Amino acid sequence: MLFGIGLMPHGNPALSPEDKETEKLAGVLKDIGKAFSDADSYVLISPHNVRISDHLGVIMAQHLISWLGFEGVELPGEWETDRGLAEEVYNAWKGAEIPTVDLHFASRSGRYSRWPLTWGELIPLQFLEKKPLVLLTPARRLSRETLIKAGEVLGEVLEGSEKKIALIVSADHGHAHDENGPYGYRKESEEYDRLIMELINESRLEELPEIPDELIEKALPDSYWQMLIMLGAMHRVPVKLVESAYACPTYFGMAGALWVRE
């Protein structure tokens, strides 16, 4: 049963807000944590773990272990893979002809069956009560249609499970908001970010696939691909927006949003 979806950022400021917009953002993330505290498991889609051009990753390793923070911000901790659910996701994707790989590491069981986590996962996880997880990774060379279809099949698996599951979508938006930022300034970053927030807030996420590659290439978001998977899941489980917040304290846009069962 898919009882909620949380769109969560993976920027360090979310953990240490320095302005009122980022504080409101953190408030939403804390509310996501509260909303999902009675989940049995989480499914987490992250763009900053393993990245394959043309296959969606399903991590099978037993132990998910903090490894790589952003800009030296270490968030130590260990989570456990929900192996049964991970296998269900992988098998459903295989059956639906969605390109996917089953990712084990070192050993297939025991303490050596482990997989590294990065800030892409660790920052959202700071706000959530510890539960077993399935870590999934998007693939940027898959078509919009394939990503949406992957989300639909994912939603089927999560909804059909006897477990109460929350879907966590880790995503930051345009990365060129400041001339002094690492990607410099591009006006398209704000265009993308404002569009995403309108789609979220006005419950118009069905328009996500219509965003042209041109805007995406220029805006430099990380969010688009996993948000298409999210849209697919929303096709199978009616949800409603509870709240949302956007903040851009430095050079990149961050959003938090909570949807619950309608």
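The numbering used is simple: start at 1 and walk along the sequence shown.
Look at the mean CA B-factor for 199-207 and for 58-66 in the entry; the higher one is 199-207. Across the two stretches, 160-168 and 115-123, the PDB entry reports the greater mean Cα temperature factor for 160-168. In the deposited coordinates, the residue among 102, 188, 82, 88 with the greatest CA B-factor is 188. Comparing C-alpha B-factors across 155, 132, 138, 182 in the deposited entry, the largest value falls on 182. For residue 151, the recorded CA B-factor ranks within the lowest third of the chain. Only modelled residues enter the ranking. Residue 37 sits in the highest third of its chain by CA B factor, as recorded in the PDB entry.
The PDB entry assigns residue 5 a C-alpha temperature factor belonging to the middle third of its chain's modelled residues. When the modelled residues of the chain are ordered by C-alpha B-factor, residue 51 sits in the lowest third. Remark: residue 215 belongs to the highest third of its chain, ranked by C-alpha B-factor as recorded.
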